[PDB]
Amino acid sequence: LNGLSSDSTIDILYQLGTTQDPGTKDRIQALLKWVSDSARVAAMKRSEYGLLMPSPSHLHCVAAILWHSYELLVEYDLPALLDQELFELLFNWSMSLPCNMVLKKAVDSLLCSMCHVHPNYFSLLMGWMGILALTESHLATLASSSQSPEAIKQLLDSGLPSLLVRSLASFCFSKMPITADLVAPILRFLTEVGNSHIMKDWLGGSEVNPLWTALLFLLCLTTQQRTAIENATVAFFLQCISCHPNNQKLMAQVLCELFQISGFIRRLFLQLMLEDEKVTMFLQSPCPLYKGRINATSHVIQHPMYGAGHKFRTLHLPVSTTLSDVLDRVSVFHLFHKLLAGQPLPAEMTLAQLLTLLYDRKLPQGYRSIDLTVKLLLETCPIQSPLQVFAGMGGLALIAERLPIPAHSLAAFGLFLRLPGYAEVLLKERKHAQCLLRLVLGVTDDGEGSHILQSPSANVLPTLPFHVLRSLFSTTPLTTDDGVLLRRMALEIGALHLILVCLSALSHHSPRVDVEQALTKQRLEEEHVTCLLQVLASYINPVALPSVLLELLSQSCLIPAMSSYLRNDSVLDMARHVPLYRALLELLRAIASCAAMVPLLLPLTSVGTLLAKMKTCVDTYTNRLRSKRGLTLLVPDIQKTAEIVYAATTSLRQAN
């Protein structure tokens with residue numbers, strides 16, 4: 001069967017086309033003759049098997065040959081071979097093919113390479129399209145063929161993207177007629193051309209940014225039309241904000257204005273913000289990259305600049321992917337970037353750190369792909385995710401106001417998200433934060449088919465909301481005004497109430513005013529009580545306070561709880577719950593450092609006396625150990641902390 005393609009034949013054709021020897025010009029002419037003969041046979045059939053059924057992979061390989069030989073500065077007249085007659089033949093061929101067909105994509109890659117060699121061919125193409133009644137085929141061909149800096153500049157200067165954006169905005173808020181059927185094709189066209197960073201900058205510019213709000217207003221029509229427009233809008237926004245900080249700021253601003261959480265806006269938020277950003281990596285090697293290739297025929301029609309054959313690979317990877325993972329996907333191998341000239345990239349960098357470095361080295365923001373070379377900085381901050389941009393503008397607090405894992409943990413997380421700075425502390429663990437955020441939006445999957453509960457470190461999720469709060473309170477002192485506002489808002493929104501209500505249900509005490517299945521439950525509850533005690537300690541004594549605090553902490557189950565934990569005469573029994581007792585001591589040191597709270601330690605059988613008894617227990621235990629001659633860190637904790645609490649109560653009673 002003639003004309004059948006495979007990775008091997010594609011590589012053969014690419015080597016023949018791009019091998020620069022005195023016959024290369026004739027080989028290129030032969031490839032273009034095959035292309036022209038295939039196009040003409042297609043035209044006849046519209047009105048020899050290698051012509052009747054040209055491999056899309058082979059047409060794309062010819063396109064990649066043309067692209068790379070144009071960029072390789074060949075010693076023959078490459079532009080002379082690419083005549084306007086061939087361009088017109090290919091334009092008619094592609095215009096005849098239905099959209100989304102792989103053959104049409106290959107012919108359009110050929111058109112893209114020809115426009116890249118002769119930019120005036122893009123003007124001819126636009127004229128032939130009428131650049132109005134642009135069909136989906138017109139848009140597909142134009143988007144594919146405009147993927148060159150010259151063609152993209154001409155497309156922008158034609159006013160066609162502006163016309164499309166204005167017409168789409170006029171449609172959303174209700175010069176070129178737009179119907180609901182044309183909205184999704186136009187959005188797909190804008191996404192395709194927005195593969196380019198120039199169009200990506202234009203789409204996040206002042207002329208287009210009304211369209212973002214217009215789309216959200218329209219989505220926040222037939223049911224199928226609404227679904228198509230919603231998917232197209234999500235794809236469009238993802239392309240616009242993909243590794244593009246300025247468009248991320250714009251998207252965050254638009255979302256915040258929208259909020260100032262169900263249906264499309266939830267779906268959008270889940271797809272745009274609660275999923276890892278994906279970036280395109282373009283790997284070039286001086287030697288073939290075979291790992292990951294299947295011997296069966298595959299028509300991978302990408303942009304011709306990404307080459308063809310074994311020495312070029314294109315991977316759409318999450319930005320969390322390490323460079324070692326990329327190399328293992330394609331294959332001592334060293335990854336290099338042109339901007340970081342002559343510096344092997346460390347294998348554990350991650351693509352986010354690489355993007356940070358490259359944007360620092362003047363890589364255009366939103367650039368379509370990371371272009372690495374496989375030949376043969378780890379402190380770098382990862383590039384901000386769109387969620388970090390949204391959170392940094394208070395967007396998550398806005399979402400919080402519109403919002404197995406314990407239910408109280410989720411409710412606490414939803415409430416704590418309204419606190420100032422909470423989202424910024426939360427997002428220091430991007431994947432953990434993503435899991436919680438997806439959970440509070442009513443989504444159990446992580447976006448990749450994996451249940452969050454069955455995800456890595458799903459055992460830290462239940463108390464993660466409270467650990468974030470402890471870090472928030474602990475790094476925010478009382479002296480600073482943000483700390484007062486934080487402490488005041490926490491009480492006002494009910495964060496302190498929830499913590500004390502959770503303390504009641506988890507310590508099993510009440511406000512003062514199978515066998516292993518139960519054991520693991522008891523251990524889980526004590527880990528929650530531990531963090532809740534620590535959260536309270538950091539709220540009172542970070543490493544001023546609302547006046548209704550002492551009343552609230554006195555009517556609360558807190559005094560019951562700490563007294564019962566302090567009513568333990570078995571130092572070895574304290575060795576089994578060290579995290580709880582260290583947290584208990586820290587919460588007592590917090591109360592002992594706040595003269596307004598010390599009243600909580602003196603008699604209402606006081607906690608201060610109970611702590612005093614616990615001290616005598618441990619000093620006697622030490623004496624017995626001395627006589628015989630995690631208690632290690634806990635044996636001084638009660639000792640030192642008893643002195644703090646004892647001293648604090650003595651000073652108060654002297655004051656009285």
# chains A, B, ... in the order shown; residues from 1 in each chain; ligands from 1
$ select_by_dssp --residues "segment 366-447 of chain A" --states "strand (DSSP E)" --output "list in words"
residues 369, 370, 371, 372, 373, 374 and 375 of chain A
$ select_by_dssp --residues "segment 5-110 of chain A" --states "alpha helix (DSSP H)" --output "PyMOL selection string"
chain A and resi 7-18+24-46+49-52+56-71+78-81+84-96+102-110
$ closest_residue --among "A:5, A:541, A:507, A:623" --to "residue 478 of chain A" --atoms "only C-alpha atoms"
A:541
$ residues_around --residues "residue 327 of chain A" --least-positions-apart "5" --cutoff "9 Å" --atoms "only C-alpha atoms" --output "PyMOL selection string"
chain A and resi 322+333-335+347+374
$ residues_around --residues "residue 101 of chain A" --least-positions-apart "2" --cutoff "12 Å" --atoms "only C-alpha atoms" --output "number ranges by chain"
A: 56, 94-99, 103-108, 137, 140-141, 299, 301
$ residues_around --residues "segment 601-610 of chain A" --least-positions-apart "6" --cutoff "8 Å" --atoms "only C-alpha atoms" --output "list in words"
residues 559, 562, 563, 566, 567, 591, 592, 645, 646 and 649 of chain A
$ write_last_selection --atoms "N, CA and C atoms" --output "compact mmCIF listing (two decimals), in the first residue's frame"
# COMPACT_ATOMS: atom_id res chain seq x y z
N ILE A 559 -11.74 24.93 79.31
CA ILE A 559 -11.30 24.71 80.69
C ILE A 559 -11.60 23.26 81.07
N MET A 562 -8.73 21.11 79.18
CA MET A 562 -7.36 21.18 79.65
C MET A 562 -7.22 20.65 81.07
N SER A 563 -8.25 20.82 81.89
CA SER A 563 -8.22 20.29 83.25
C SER A 563 -8.21 18.76 83.23
N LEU A 566 -4.96 17.65 82.13
CA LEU A 566 -4.03 17.94 83.21
C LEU A 566 -4.29 17.09 84.44
N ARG A 567 -5.40 16.35 84.47
CA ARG A 567 -5.69 15.41 85.54
C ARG A 567 -5.18 14.02 85.17
N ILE A 591 -1.91 31.45 77.38
CA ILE A 591 -2.77 32.08 78.37
C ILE A 591 -1.94 32.74 79.46
N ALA A 592 -0.81 32.15 79.84
CA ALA A 592 0.06 32.71 80.86
C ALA A 592 0.83 33.93 80.38
N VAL A 645 3.30 29.41 84.09
CA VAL A 645 1.91 29.53 84.52
C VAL A 645 1.84 29.89 86.00
N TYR A 646 2.62 29.21 86.83
CA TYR A 646 2.65 29.55 88.25
C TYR A 646 2.99 31.02 88.45
N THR A 649 0.07 33.44 87.39
CA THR A 649 -1.05 33.52 88.32
C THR A 649 -0.66 34.23 89.61
$ residues_around --residues "residue 590 of chain A" --least-positions-apart "4" --cutoff "8 Å" --atoms "only C-alpha atoms" --output "PyMOL selection string"
chain A and resi 537-538+540-541+586+594
$ write_last_selection --atoms "N, CA, C and O atoms" --output "compact mmCIF listing (two decimals), in the first residue's frame"
# COMPACT_ATOMS: atom_id res chain seq x y z
N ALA A 537 -3.52 28.63 70.74
CA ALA A 537 -2.30 29.20 71.30
C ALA A 537 -1.73 30.29 70.41
O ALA A 537 -1.32 31.35 70.89
N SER A 538 -1.70 30.06 69.09
CA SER A 538 -1.17 31.05 68.17
C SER A 538 -2.06 32.28 68.05
O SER A 538 -1.56 33.37 67.78
N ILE A 540 -3.60 33.58 70.59
CA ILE A 540 -3.44 34.33 71.82
C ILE A 540 -2.00 34.80 71.95
O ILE A 540 -1.74 35.96 72.29
N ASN A 541 -1.05 33.90 71.69
CA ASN A 541 0.37 34.20 71.88
C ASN A 541 1.16 33.78 70.65
O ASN A 541 1.75 32.69 70.61
N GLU A 586 1.62 24.59 75.35
CA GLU A 586 1.77 25.81 74.56
C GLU A 586 0.54 26.70 74.67
O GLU A 586 0.65 27.93 74.72
N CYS A 594 -0.78 36.28 78.55
CA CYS A 594 -1.83 37.27 78.31
C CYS A 594 -2.54 37.52 79.63
O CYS A 594 -3.39 36.72 80.05
$ residues_around --residues "residue 247 of chain A" --least-positions-apart "2" --cutoff "12 Å" --atoms "only C-alpha atoms" --output "VMD selection string"
chain A and resid 194 197 199 to 206 208 to 209 212 236 to 245 249 to 254 365 to 366 385 to 386 389 to 390
$ atom_distance --atom1 "atom CA of residue 17 of chain A" --atom2 "atom CA of residue 45 of chain A"
28.4 Å
$ atom_distance --atom1 "atom CA of residue 230 of chain A" --atom2 "atom CA of residue 170 of chain A"
17.1 Å
$ closest_atom_pairs --of "segment 259-281 of chain A" --to "segment 428-431 of chain A" --cutoff "10 Å" --atoms "only C-alpha atoms" --output "CSV"
residue,atom,partner,partner_atom,distance
A:274,CA,A:431,CA,9.1
A:275,CA,A:431,CA,9.1
A:276,CA,A:431,CA,8.5
$ write_last_selection --atoms "N, CA and C atoms" --output "compact mmCIF listing (two decimals), in the first residue's frame"
# COMPACT_ATOMS: atom_id res chain seq x y z
N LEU A 274 -8.15 25.37 39.66
CA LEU A 274 -7.96 24.22 40.53
C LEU A 274 -7.44 23.02 39.75
N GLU A 275 -6.65 23.28 38.72
CA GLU A 275 -5.95 22.26 37.97
C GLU A 275 -4.56 22.80 37.66
N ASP A 276 -3.59 21.90 37.57
CA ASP A 276 -2.22 22.32 37.31
C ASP A 276 -2.11 22.91 35.91
$ atom_distance --atom1 "atom CA of residue 211 of chain A" --atom2 "atom CA of residue 399 of chain A"
22.5 Å
$ closest_residue --among "A:143, A:270, A:519, A:417" --to "residue 446 of chain A" --atoms "only C-alpha atoms"
A:270
$ closest_residue --among "A:589, A:267, A:418, A:582" --to "residue 636 of chain A" --atoms "only C-alpha atoms"
A:582
